[PDB]
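Scroll down for the structure; my scribbles are underneath it.
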Amino acid sequence: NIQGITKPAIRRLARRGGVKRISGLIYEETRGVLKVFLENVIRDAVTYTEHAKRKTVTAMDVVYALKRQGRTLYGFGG
Amino acid sequence: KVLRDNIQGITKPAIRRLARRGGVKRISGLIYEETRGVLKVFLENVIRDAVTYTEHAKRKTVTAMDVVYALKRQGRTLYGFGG
Amino acid sequence: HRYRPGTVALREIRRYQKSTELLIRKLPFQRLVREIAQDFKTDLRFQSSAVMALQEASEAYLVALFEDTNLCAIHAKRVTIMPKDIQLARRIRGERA
Amino acid sequence: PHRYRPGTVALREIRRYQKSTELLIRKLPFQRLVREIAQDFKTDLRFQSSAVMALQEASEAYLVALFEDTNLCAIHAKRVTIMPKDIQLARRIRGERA
Amino acid sequence: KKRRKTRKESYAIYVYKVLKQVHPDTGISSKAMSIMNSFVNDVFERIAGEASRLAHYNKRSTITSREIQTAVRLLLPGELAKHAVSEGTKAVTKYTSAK
Amino acid sequence: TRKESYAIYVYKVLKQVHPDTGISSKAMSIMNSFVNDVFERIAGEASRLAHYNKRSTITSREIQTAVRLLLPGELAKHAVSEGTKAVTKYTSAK
Amino acid sequence: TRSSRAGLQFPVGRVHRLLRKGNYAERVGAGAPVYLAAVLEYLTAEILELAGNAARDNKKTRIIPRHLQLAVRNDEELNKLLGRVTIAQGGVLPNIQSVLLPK
Amino acid sequence: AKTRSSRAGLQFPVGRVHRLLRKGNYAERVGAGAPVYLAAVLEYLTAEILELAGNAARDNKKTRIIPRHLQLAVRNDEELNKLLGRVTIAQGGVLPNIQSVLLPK
DNA sequence: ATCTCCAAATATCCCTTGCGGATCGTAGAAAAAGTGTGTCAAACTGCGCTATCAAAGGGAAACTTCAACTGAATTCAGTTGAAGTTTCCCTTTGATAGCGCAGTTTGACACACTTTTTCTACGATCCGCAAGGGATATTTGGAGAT
DNA sequence: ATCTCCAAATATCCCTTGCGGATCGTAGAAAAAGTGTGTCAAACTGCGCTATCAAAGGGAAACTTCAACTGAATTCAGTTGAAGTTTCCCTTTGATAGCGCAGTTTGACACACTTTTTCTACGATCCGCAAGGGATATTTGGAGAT
Ligand SMILES: [Mn+2]
Ligand SMILES: [Mn+2]
Ligand SMILES: [Mn+2]
Ligand SMILES: [Mn+2]
Ligand SMILES: [Mn+2]
Ligand SMILES: [Mn+2]
Ligand SMILES: [Mn+2]
Ligand SMILES: [Mn+2]
Ligand SMILES: [Mn+2]
Ligand SMILES: [Mn+2]
Ligand SMILES: [Mn+2]
Ligand SMILES: [Mn+2]
Ligand SMILES: [Mn+2]
């Protein structure tokens, strides 16, 4: 699944970031870093879901989780 | 009496000492003025907020609490002075 | 006809910095989200916006991280980003011990 | 007459200051600086002495941590010498501005 | 009827009004409106949040326009803070006029 | 005037854990800051959870999920179990 | 409405209600929702002003998320105020580091 | 057993915690168990820090806990370090630590 | 520095769909009124903050010498990027299946409130003394020198 | 390889203090006990929306070919910051006196809140039509070659 985050996709993100040349090892690192980022946010999102006695992870759940990590997101129910 | 240029009381020896505590072995001669610059901004930001807390309370004395509150706001919670 | 190494990559930067479309393919990302959620709680559904939220958050996060990574690379008189660059960025961010 | 090689006293200064916890900036000079800055925001302020001492604790801690990050930036670039551009890199990635 | 399909509530109309006030010939996509609604909510919380603490800090039971003002001074950078304080003071001056 | 503080409880818990060990005044001031700080973080998050879920009341449930959100893994496991165990015991009496 | 008495587009009643339901304090003074509504209005005025122009500059009559991102990040103070916020579908400011460009 | 702490089996003060929750505008109503649960968590976290600072005092041939001991305790512990990641312990100094490249060769 | 060559920018035209205005109905805001308590103004006060002086000496500033660090210059193996060919799977489109979210109604009960009874925790004060912390002397580990 | 020597560490004395353990007398807060009341758990219900299914092409990802140019290694010297010395500034320390002002107190009350009836702003829902999307063409801005 983690390999669905593909080399060309990572390059694309790197390009938005202003990145011209990428070491071959960057792709494995990014995947690692992205796993930890999703784990943390989803850990919190799911805690909210569970607390609400729901089986469905909402946008709000995510937004709240993102707010707790100091990563406030606009566009989904802020 | 007029207060001026007190950033200079933050001496080279004193900056060298902080850099040691921070594990720094060798220091470029340009570091001292950069550090003053940075310390000044750091203190302007915190002091601005502490003073606002003071004014809100209609007080003329800045308390430890105004500072402790100012620091918490900047995400720099301090332990040892109340709160 | 051959463009020199770097000329296309430069062009790509211009292209992506001008758009706001997501850059990870939707389904593979969705699969990853559910896999990770599965490891925290079993038998869970997602609002479609929830997944969307996560993708927006995740890419913005990575893009910004790439900006910081690129700076560390350049700090080391380099032009190529390496894991040591990401690692330094993440540490100075205070994301890592 | 005896002479330590360059870097020896520096290393021993690091051990010394890493073991201790006393404020490293002189006390009255720091207090004058705080008062000067306060004054530019409002006149006729007085300070609790613990209020100043808190600011000093905060400031020395900030600066000490910033030198740790600065060093990591210096080492990242194969140097052992901290330079303005190291601090600037550190502050940029930290998201500190101005 | 009988079973009512809930009821959401946002600032979309007041934003739309202010958009007219400053850009008469300009419109707004729904996604961008969602963003503005978030922004208004976010700021609202940050402000009332400080004001709440100011009241606690000062052993007081009421959030007044005095806490809103200093909350704004703590929350907003230089120029925004100064303008926000003008607009706020002025509205209170005007609102207390009208009886 | 009275200045409330967690000093006496911190002494007690200190005697339980390291019975021949003292604490300096400043060290206590820090402990006091720590207790007020963690309190603030927990009550804070708990407050939000109730609001998010249209509730008028903070219950040990909000405290619990607040704890899970704020404490790193293991510290959250033990706090949670110390918490549940105290409420369990507390209901067992009256 | 209290908004009219205050010359504001933003709802002074709603802001007032919302300040009573948020448990900010035991009581809310009368001036406070006015002042808040005002500040909220001024800030949203401010964004729309700059977002609008970015729509114009991009030859558009409708503000989209990207114009909000441009408005915000090209403005020093708004950029500061939204330092820890991400605008969905906003992308980034076009920025390429000098040393990456060819001579 | 009279006091609510005694009932809950706690050193930390349930009644004080109940009051601080009520007078802090966290919500209109505070449930019976909330300050029990909360006093327990607070007691537990202080036991963990005191324990770990306690040891730090002993490693430095010391009998009385000072802020340096708390600081050593917190930053040598992955979890407390994370929990107090944005916190500054006054008069704590830092961990002894020198990057390799700076060591003599 | 000038002439061929892509790819992005611009121009034009026809389709597509969500802006944005309009209709309709209600929940929520405003109006009016009776009640009380947090807030405010004004009086009084002593903690501790500013201010000073004055003697002692620790630490800053300014200087010389030079070890060694930074970085400039040079080389090159090989890792990337660019372009081509190949293999694979994401996305789109039309639903039908039914989970579980969210609306509605309700009454037992848990928590608010307020009063009287009980006792915890704070502020003031004294004590044994191990724990430090400073002033003075010595021994010790190892960096640098012969 | 062996000696010299410097500063951090170890040791001795004296002594100040801030700590834990008292005992104290006592405001203020918790507990206890009675009662009023609204929140939310439960149970039953509708249907929004999440999951899923099946198929088919078009474009993305993967893999392959090549060599340009970048990072990594090496070398060296001018630069520069560290170490140590000397002079003496100005911080620290300690006691002093004066008073500005923080914090406690007390009555009068404005102003918020609570409850009830009246009025209307703003949410839900609806879809015509133009701003924007998407496709194809023509202009333009630059890179790579000679
Ligand atoms: Mn000035
Ligand atoms: Mn205009
Ligand atoms: Mn619309
Ligand atoms: Mn000296
Ligand atoms: Mn069902
Ligand atoms: Mn020896
Ligand atoms: Mn004593
Ligand atoms: Mn004592
Ligand atoms: Mn190589
Ligand atoms: Mn058009
Ligand atoms: Mn178009
Ligand atoms: Mn032409
Ligand atoms: Mn041209």
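Letters A, B, ... are given to chains in the order of the sequence lines, protein chains preceding strands, and every chain is numbered from 1. Side chains are part of it too, since the values below use all heavy atoms of this structure and drop only hydrogens, waters and symmetry mates.
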Q) Does any residue of residues 50-61 of chain F have a heavy atom under 4.0 Å from DNA chain J, and if so, which ones, in number order? A) F:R55, F:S56, F:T57
Q: Using five pairs at either end of the helix from I:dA56-J:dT91 to I:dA73-J:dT74, determine the angle between the two local helix axes and round it to 10 degrees.
A: 60°
(Q) I'd like to check the salt bridge (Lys or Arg N to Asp or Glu O under 4.0 Å) partners of H:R4; sequence neighbours left out, ordered by chain and number. (A) none
Q. Who are the salt bridge (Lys or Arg N to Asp or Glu O under 4.0 Å) partners of A:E50, not counting sequence neighbours?
A. none
Q) Residues in side chain to side chain donor-acceptor pair (under 3.5 Å) with C:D43, at least two apart? A) A:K55
**Q.** Counterpart residues, ring-ring contact (aromatic ring centres under 6.0 Å, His included), relative to F:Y52 (two or more places apart)
**A.** A:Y48, A:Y64
Q: Under the salt bridge (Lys or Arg N to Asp or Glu O under 4.0 Å) rule, collect the residues that match up with H:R19, sequence neighbours excluded.
A: F:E4
**Q.** Pairing residues for E:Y11 by the ring-ring contact (aromatic ring centres under 6.0 Å, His included) criterion, not counting sequence neighbours
**A.** G:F10
Q | Results of salt bridge (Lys or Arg N to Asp or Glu O under 4.0 Å) for D:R79 - residues two or more places apart only | A | D:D86
Q) Of all of residues 43-50 of chain D, which get a heavy atom below 4.0 angstrom from DNA chain I, listed by number? A) D:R46, D:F47, D:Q48, D:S49
**Q.** Contacts of type side chain to side chain donor-acceptor pair (under 3.5 Å), residue B:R59, not counting sequence neighbours
**A.** B:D66
Q) Can you give the first and last nucleotides of DNA chain J, 5' to 3', that have an atom under 4.0 Å from a heavy atom of chain A? A) J:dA61 to J:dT70
